[PDB]
Every structure is written in structure tokens, then in C-alpha cells.
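Novice: to kick things off, part of the complex as it is:
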Amino acid sequence: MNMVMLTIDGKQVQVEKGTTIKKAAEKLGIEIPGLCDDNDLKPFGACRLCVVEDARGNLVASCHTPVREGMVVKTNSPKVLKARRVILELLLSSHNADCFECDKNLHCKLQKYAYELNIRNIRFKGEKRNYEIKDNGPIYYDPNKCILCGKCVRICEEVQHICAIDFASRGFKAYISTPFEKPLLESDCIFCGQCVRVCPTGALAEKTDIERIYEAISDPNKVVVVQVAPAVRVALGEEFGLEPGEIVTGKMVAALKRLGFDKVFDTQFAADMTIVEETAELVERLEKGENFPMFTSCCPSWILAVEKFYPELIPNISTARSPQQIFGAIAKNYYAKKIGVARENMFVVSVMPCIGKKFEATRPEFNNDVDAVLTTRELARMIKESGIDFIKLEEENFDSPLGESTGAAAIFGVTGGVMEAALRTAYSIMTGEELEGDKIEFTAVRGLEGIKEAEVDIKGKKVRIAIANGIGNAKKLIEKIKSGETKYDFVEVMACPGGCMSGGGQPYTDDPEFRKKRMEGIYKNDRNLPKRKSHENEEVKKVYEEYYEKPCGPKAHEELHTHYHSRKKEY
């Protein structure tokens, strides 16, 4: 910690050595514009829109310039403003401008910068960008709106370590493409959605399914049911002017009821069911002591990565379905018979903060259990379209009999929650007594680190457990495990860094501390429930005693389990 002296706009500043001009001037309440830099990535130097003027009189980029003693910097001289205006005019001279038709309307950064830096008349009119738009599955790519900032390539290469996309061509005709413009499905993409989360323009977007939902609601011979993800209730309020991490569960239930859905449920019931199934499977595997370690299967992107890159780990993957598909099977196989509705006349809609769920819902092995999948942004758009005000709503509760949940299933939206809940159930199953007091929380698996390791002692038996949030950390853990350095018993993997609260379907943010706020909100929501264990749920016991009669039973194995196949297209 050694400090340096500098003058920014006539004000003395104390910053540590190595800090750039941008981070040094941030402490004076000055925001320098920039489009190609993000808090997760190294500086690139492509937009050239953050230039400042030093004492000599030259323009220098302030995003990758280290600080020095005795430096004089000017940030709002007329020359800098003129250069920024010219650069933005150069960008906007070759933009296809359907801001009426653009999904990123009122959320674009190029539009906001064009407004703020006072552009009203483009002098450069001529050749534009013109390409062809092709379907890439659940991701929509329009190369006519690209500004070539490299954020998607950098996030896919530096952080995710997948390297599914790169630059193509050179000069005015450069663009982002997969090898030979092949569709993303058979490329090395695993459908995590982090590239869609950082794009500053409307080039990368989502595939919408709202029209099918509206045409199924208007159908007078169908019943529509909806399920809500645990992580949607802490980030939905951001779209309506609230702070991150504020619970809007009752408001969102009331809004969904006002939208026309006949029955509103939650996925945490399926989360408890999956917890019970997985804990029973883990106990049986530990008794047998075969096929170690055991990996979870709740993340579709992790399953895709296993199928594509590591096809030798398939026997070690847990066969339990994800909570979404389990809920779909429950609704279309048990609830319909109780109510008296034919299987062909029931519609199931899910609201998820993920993008791999859109692809997962269309897999042939699930027999079309879930008919449509939405995101948080799509739900917010629907709520705003219908005209409901969100601030002044009245709190309501979930429907019956698949609405009540516990606290162990409320922390699946953050990294390490699934492991904590599994340990909570496994301690009770193995020992027979219930944890009381502060022993319920396992503080050794909480945080935002890369690889988290722990050793929980259960009545004299020690289990080696691990958690790895992120694809890169997952690859590192796999390399560590395969070499035989150490042996584990249960491993969790999540494709997004920080858990499902950082998914590609969450509302856009500008605060650099959204992860901490959302994690705090999730933990606070967990702390305010009457039940904190999965086996204390009441409707799960009824479902077992009425339809399946035992976990891992023949009917359960037929309807609540799945199998995986290798997708490795050898070349």
C-alpha cells in the first residue's frame, strides 16, 4: 500500500500504485464514458471513447493507463468532447436503426451515450452494414447492430474457458462468428448465456415465446399453470425502480394472478422433492461405495459440458431430473388426474432466470413436459404491457396443494445452497436426530470463492466435499481429481460464476456490487421461513404416500430419472 500524487481537474487525489486513471478519477465523482471495458475483463482499448488530455497535450486512453507521480489530467476540455462526438458520429453513421423494433430499447448503452453526448445531426452518410440473420436456437444474433467491442469473445475465452466464438474477416467487414457460420448447437457452445449478459447493444438477444402463451390463454379448452424460480423473487423488483435483493414474492404472485394464469405454484416444492431423491441416492451410493465422486445434475449447461468435453464422467452423474422437469411431470401426471383434466389440455409455463432451460425444455427425452419457458425480463415486459402497477400491489399467497415450501429450498439461487440443503437432509438421514440452533448453517461452504472445500464430520464419519462455481473452476477441479491428488464423495458444479443469481435471464444492472446484494437478499429470505429442512415438508409426504410410495421406486425411477448420452462429434 504505497500512495501516489496526481492532479485531476485541479483536485489532489490519493491512490495506490497501479490504479488506472479511470479508477482514480472515480473517487472524485467523475464518470468517464466507455463501451469496451467491464468489471470482469481486462482493458481492451477498442472504443477509444475514454480519452483524456494530459499536460503535454495528447489524447490518452484512461482505461489502461497506469498512474504516475506529478501527473496533470484534464477530462472535460473541448478537444476531448469534440473527439468523442466525432467517434460516436462515426459509429452511428453505419448503424441499422430500428430502435422501434429493438429488444434492447430503453436499455441500450449506445442510445444513452448518443443522448448524453449531444448528437443531433450526422454528417457522414453512406455505406452501412448489411448481413443475414439466422436462428441460433435460444440466442438471437443480429450482426447489423454490432459495434465490435469484443466483450462476448473476451468473456467466453478469459472467464468461461470454452472459446466457442472469435473474430472473423478484417477491416470494415469484420464480424463475430463460429467456424464456418455453423449453428451454435453443434459448435462448442454450452448455452450458459454470459455473452448475452454483457453485450452493450441489441446484437445479442433472446428468443421470445410470449405469443404462444397468449394464444394458449385465449384458448377456452386449456388450463394454464405457472411455476416461479427461487431467484426471480429477488431481482424482479429491480425492473420497477427498487434496489437489488428486495423481496417481491407477494407482489409478483398478485401480478401473475392478474395476468390471467389460472394456478400459480413455485418450484421449491420440486426442489425439496429433488433434495429427497438426491439424498437417498447419495446415501445408497455411500453404502455401496462405487462410482465416486458423484456430481449434481441441476445445471443444464454443466450437463452439456459433460456430454461434449468430458464424456467419461457420465456414469458418475446423478440421474435425478432438474426441479423444472420434475414439477412438469408432477403437474401433468398427478395433478391433472386429481383435478380431472386430460393430459393434452394442460399448459405449463415456467419463469426462469436461465438460458439453458430454454434449450433443456425441448429435449426429446422429456416427452414435452414443459410447453414454454420465460425469463425475468420477459415477465417484467408482460407486467408493464398489461398495465399493472407494481409498487402499490397487495400481497397474496401461492395456490394449493403444490405451493407450500420450506427454507432449505429457498437457497438454490446462490452457490453452495444445494450442498447445504443436501447436508442438512443427509445428517438427519444418517444419524436420526435433527440439527438445532446455529448448527443448521454450514458457514464453511458460503462465499464467492473459486473452489470451496470442506470436511463435515457426521458422528465420526468424515466426507470429502467440494463446490466449484464456474466452468473454468470446474475444469480445474476435474484436472485435480483425475490426476489422483485426492478423492471426494460429492461435488457441485454451476456454470455461472456466483450461482443462478448471475444468470443470463436476469435484469441488467450497473452497480458493481449486485452479487453481494442478491446473496444477502437470498440469505435473508431463507432466514425468515418457519421450516428449514426438506423432510419437514408436508405435501411431499402426501405425494409419496399416494402415488410413488417410496423414493427411488419403480414408478419414481420411471418418471423422476433420466439418462445421458455422449455428444462428442469426433472429427
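Specialist: Thanks, I have it. Residues are numbered from 1 along each chain as shown, chains lettered A, B, ... in the order given.

Novice: show me the contacts for residue A:291.
Specialist: A:285, A:315-316 (Cβ atoms under 8 Å, 6 or more residues apart in numbering). In this view, the C-beta of every residue, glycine as well, is placed from N, C-alpha and C.

Novice: if we use 10 Å, what do you get?
Specialist: Counting by Cβ atoms under 10 Å, 6 or more residues apart in numbering, residue A:291 touches A:285, A:315-317.

Novice: same deal with residue A:119?
Specialist: Counting by Cβ under 10 Å, 6+ apart, residue A:119 touches A:85, A:88-89, A:91-92, A:113.

Novice: now residue A:232: how far from residue A:465?
Specialist: As judged by Cβ to Cβ, to the nearest Å, residue A:232 and residue A:465 stand 28 Å apart.

Novice: so which of those two has more stuff around it?
Specialist: residue A:232 (26 against 22; other Cβ atoms under 10 Å).

Novice: for the helix or strand harbouring residue A:82, which positions count as buried?
Specialist: Element membership for residue A:82 (DSSP states H and E) is helix A:78-92. For helix A:78-92, burial by neighbour count (16 or more other Cβ atoms under 10 Å) applies to A:80, A:83-84, A:87-89, A:91-92.

Novice: now do stretch A:57-76
Specialist: Quick answer for stretch A:57-76 (16+ other Cβ under 10 Å): A:61-63, A:65, A:67, A:71, A:73-75.

Novice: which of these lies closest to residue A:452?
Specialist: Nearest to residue A:452 among the buried residues of stretch A:57-76: residue A:63, at 32.1 Å, using Cβ to Cβ.

Novice: residue contacts, that closest one?
Specialist: Per Cβ under 10 Å, 6+ apart, neighbours of residue A:63: A:20-23, A:32, A:34, A:36-37, A:42-45, A:47-52.

Novice: can you check residue A:117 too?
Specialist: Here residue A:117 is in contact with A:33, A:49, A:81, A:84-85, A:87-89 (Cβ under 10 Å, 6+ apart).

Novice: could you redo the last one with a cut-off of 7 Å?
Specialist: Residue A:117 makes contact with A:84-85, A:88, according to Cβ atoms under 7 Å, 6 or more residues apart in numbering.

Novice: and these as JSON lines, adding distance to residue A:200?
Specialist: Formatted as JSON lines, the contacts of residue A:117 follow (distance: Cβ to Cβ, whole Å):
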{"residue": "A:84", "distance to residue A:200": "16"}
{"residue": "A:85", "distance to residue A:200": "19"}
{"residue": "A:88", "distance to residue A:200": "13"}
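
Novice: extend the structure above with chain B:
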Amino acid sequence: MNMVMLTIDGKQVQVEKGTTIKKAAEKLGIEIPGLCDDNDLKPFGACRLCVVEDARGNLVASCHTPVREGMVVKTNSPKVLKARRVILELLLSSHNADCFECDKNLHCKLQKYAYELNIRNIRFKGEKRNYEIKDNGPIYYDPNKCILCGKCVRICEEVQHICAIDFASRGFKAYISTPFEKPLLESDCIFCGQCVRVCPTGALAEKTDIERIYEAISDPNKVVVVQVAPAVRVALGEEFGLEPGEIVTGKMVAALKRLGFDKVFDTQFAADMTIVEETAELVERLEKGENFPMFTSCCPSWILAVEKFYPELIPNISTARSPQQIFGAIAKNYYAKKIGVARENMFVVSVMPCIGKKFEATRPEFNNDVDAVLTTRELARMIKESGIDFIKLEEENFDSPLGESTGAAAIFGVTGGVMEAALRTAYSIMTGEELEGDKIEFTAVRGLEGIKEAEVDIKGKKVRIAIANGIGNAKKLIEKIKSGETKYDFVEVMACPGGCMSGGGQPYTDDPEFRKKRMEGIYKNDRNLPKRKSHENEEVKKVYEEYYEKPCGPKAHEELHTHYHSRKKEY
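Specialist: This next block brings in chain B, placed alongside the chains you saw above:
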């Protein structure tokens, strides 16, 4: 007060007879979209975008439909949504879409409605609107972005009673125009700016002078000074996410200092100077008892209306200049000599919430005292462009020696404040003692009524005063006065209803209660000052004792007075 009961979306509602469907459904927290209706105007029925479905199955506009007993209304049926989408597609099929170049970017209502009601692909592509844009002075009109809602015509005809514009042509080729497409200067326009304040698109806007200010700041052989209007400090914070009526004086002074201005002053000093001059003139006129009544001259639009429509009242108008021109003359005739700057090397910039000041600054009789005029929105745009954060600024004070002001000059941004301050000074001048306690406030001239008439007794002498906010009320008062029903002694007129806080240069609002909030903020700001009288100002006494030596003196009459001419172009 009789109530009517109906069913809206399955919810029972009890409203008074005569309320429309829109105002009845507003009480359930439901916002029905609409573009052609405003809180100041009668329903028109042009956009057809607020349709709802009744029990019979037809579509009825909910903005001009009275409520009835036993009515069933559906607001979010699929048919209504489809109709709204088709109507908006029909609008956007013929729009010139330079949303990069549009002044109303991020503030347009058509853009927000295109976003919310989920438009992504226009099926109707063909002929568009194409016209020619011509200069109309301080108002910018682009007929390629008009949606023909009639708000400007209705506000000019129903409320202002001027009728300067109307519809032209018919069908697809209809547009808004003056007789024979003549420029607005020689039409019946008085430059109030209320039509610019209600337009929902970017068709109507104001002319910008930012480039000249930047090119004069970069000039190393000039000194730039700025003056701020009393009403800018209660509405500038709205642009940065604050509530109306919040005082941001110190924050705005700090921001202006960081913007490059060498010296920052305020107009309230000139307001006190004008108060002294006007009170002396009124006392002399009362002693002489000639040319009654006496009208104020602080509103340029009122002067334009007098010159155009009522040229027989010119001898009765007070000859004192407006505070803006008085401040300009003071800066360019007294401050420059004290500092030692030539008259040709001084630049004066004003920030005003008015549109008529832009035209007033260019009159030949003022010898170009003020070089440029800004608005609150332009200042906010400049602040956002420079990168300063408004929320976390540090409070500062005005420069010297023309910065200190009193409380009597802080209420010129609301209707009736000028009369209150004039009475405050006139009581002291006529009697010799000073008002103390609650007698300072004259509660009989406060409110938002049309014509406010009072009767103030000053030591046995009774004076008749009248206040008329609005052009229509001004015409009514003139008709009352001319017929000889009664005689007054002092009359105030403001062209905008509610005072200068409703000017055409203020930031856009959506709350229907902005006038009350801004008036409360202005009064609270007035209540928190140490001095509440104009003769108690200290720098005014120095200016008199050093330069002019007496109010209404030869030098003062030469530099602080003006004359008016008839603009009535007979036909």
C-alpha cells in the same frame, strides 16, 4: 354526491356519477395507455389507443365514456392487446426514425409505448411522411415526427385563447400549420411555450445554443459569467431522479463551477433592483394619480400580447426592464469597469425556464446585453455530458459581489410573488415602519385561482390590486377593466398558468400534482432565508451609492428603462 357501482376486471368499484372509465379504473392501480389526452384538456378521441371491451363484445374508448350502473369492463383481453399492437404498428409504419438524432430521445412517449406493448417487426412497409423543416425562431418544428394528436392546437385554443395554429389539409397529408406557412414571428404567436410543453413526440422542440457557449469558453481572451433563475433550483433535481420541489441550489452552483464558468451569480439581485425601481415608480404614479392602472413588464410574452392585440395599454405599462436584462446591463456596464475588462471581451449566459426569454434576448433595443440563453433541460444535458454526478456533490455558495440575495426575490417563480414583494417594499416606503411577525405574508394573494383580487389597507389608504395568471384570465380582466365596472391601481399578468414554474423550459413530468409540489418548495425556500425584504439588501445600496446615486435617476433612466412599440400589422 351520488355513487355508481360497476365491475372492472372482476373488482367492484364505487365512483361518482360522470367519471369516465379511465378515471374509475385508475383507483384500482390500472394504467390504460393513451396519447391524445391530457389533464388540462377535454377528451378528443384521436389515438384510439385506450379501447376496452365491454360485456357486449365491442371496443369502446375509455377516455370519453361515462360510467353506468351494472357495467362489465375487460381491460387486458387478447383482442384489445392485438388492436393496440396493430394501431401502433400503423403509426410506426410512417415515422422518420432518427432516434439517435432526436432531441426527445429517452423522453418520448411513442418510444416508451413501442417498447412496452412489445413491437419487434413491422409488417407494413411503404410510403412515409416527407416534409421540409423551416426555422420558426426559438421553436423547432419537424412535421415528419407528428402523430396528429391535436394537443398543441387544443392547448392554444381552449386554454390560452390565442388560436395561432390549426389543422391544414386532410387525410394522410394532414399537418399543423400557420396561415400560409408563415413564420411564427409575424403570426399571432406570443412565444409562451405551452405547446412545446405538452407535445408527446419530438416534433416540437426548442433551439439550442450550446455550441456557441462551448466555442466562447475555449476562447482564451474572454470571461464568461452565468446567472440562474429563481425557479431553476426547485425543478433541476427532477432530471436526476429526485422529487419535485427539492432544493438543489448548492449542488447546481458546484456543478456550474465544475462546468468551466468563471463566475456564477444569481438573478435575485436584479430582482431586488427591479423591485426597488418598480416600487418607486408606483409610489410616484400614485402621488401623481395618472395613467391607471399600472401593469408589470417582467413577462416577455405579456409584452408581446400587449404589442400585438392591445396596443392602447402601452402608456400604462411599467418601463422597468426585466431582471435578466437589468443583470446583463449591470454586468457589462459596472462589473467590467471594476474588474478591468473591455465590454467586447465579456460573455453573459443565462439559465431560464422560459421560451420567451430566447426571443427577448435578441431584441434590437437591448444592444445585445445577453449573449446566450439556456434552459433547465439544456443545463441538465450539459451536466450529464460532462460526467458530474449530481447526488454526491458538495454544497457551495455564489460568487461576489453580486451573489447575495434576500427572501423577497425568491418567490418570483410562482404566481403572486411579485405583488407580495412589491407590497412588502411599498408598505415600508409609504409608512416608514417595518412589518414584523406573520404580517409579512399576504395570504389573500396566494393560491392557484384564475383571477385573484385583494384589498390591502396601508395606514388608512386602500389600494386595489389584481393578479391574473394566464392569457385567458388576462383578457377577461382587460374586458372587465375597459368597461368601467371597477378601477384598480396595480395589476400583475403572467402568460403561463401557475407562474414561471410551469414554463416551457422546465423538465417533463408525469405526476398530476407538480404545481402544488413546486409551489410548496418555492415557499419553503423563501421561508428559510435571513432577510425577507428588498430594501434590506446590502449590495443594492452600494450600487446606488457608487454608480446611479438615486432610483429613477438620469443614468438609471438611461440604462434601466425601455420603451415599447406597436406590432399590430394591419391587414
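
Novice: could you re-examine the contacts of residue A:291 with chain B now present?
Specialist: Residues counted as contacts of residue A:291 (Cβ atoms under 7 Å, 6 or more residues apart in numbering or on different chains) are A:285, A:315-316.

Novice: may I ask which of these has the most neighbours?
Specialist: residue A:285 (18 neighbours; other Cβ atoms under 10 Å in any protein chain shown).

Novice: that one against residue A:279, yeah?
Specialist: No. Judged on Cβ atoms under 7 Å, residue A:285 makes no contact with residue A:279 at a distance of 10.7 Å.

Novice: identify all contacting residues around stretch A:445-463.
Specialist: Stretch A:445-463 has contacts (Cβ under 7 Å, 6+ apart) with A:416, A:419-420, A:423, A:427, A:430-431, A:444, A:464-468, A:470, A:473, A:476-477, A:489-490, A:498, A:515.

Novice: rerun that using 6 Å as the cut-off
Specialist: A:416, A:419-420, A:427, A:430-431, A:444, A:465-468, A:473, A:477, A:489, A:498 (Cβ atoms under 6 Å, 6 or more residues apart in numbering or on different chains).

Novice: repeat for stretch A:94-104
Specialist: Stretch A:94-104 is contacted from outside by A:105, A:128-129, A:144, A:202, A:205, B:92, B:97, B:99, B:114, B:120, using Cβ under 6 Å, 6+ apart.

Novice: how far does that stretch sit from its chain's centre?
Specialist: Distance of stretch A:94-104 from the chain centroid (Cα atoms, centre = their mean, to the nearest Å) equals 25 Å.

Novice: next one: stretch A:97-112
Specialist: 22 Å.

Novice: and if you look at stretch A:376-385?
Specialist: Counting by Cα atoms, centre = their mean, stretch A:376-385 is centred 17 Å from the centre of its parent chain.

Novice: any residue of it up close to chain B?
Specialist: Yes. Residues of stretch A:376-385 contacting chain B under Cβ under 6 Å from any Cβ of the partner chain: A:384-385.

Novice: CA atoms only: put that stretch into CSV for me.
Specialist: Output of stretch A:376-385 as CSV, limited to C-alpha atoms (Å, rounded to 0.1, in the frame of the first residue of the first chain):
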residue,chain,number,x,y,z
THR,A,376,-37.4,-12.3,-15.6
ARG,A,377,-37.2,-9.6,-18.3
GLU,A,378,-40.0,-11.1,-20.3
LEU,A,379,-42.2,-11.3,-17.2
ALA,A,380,-41.4,-7.6,-16.4
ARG,A,381,-42.3,-6.7,-20.0
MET,A,382,-45.6,-8.6,-19.8
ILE,A,383,-46.4,-6.9,-16.4
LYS,A,384,-45.7,-3.5,-17.9
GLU,A,385,-47.7,-4.3,-21.0
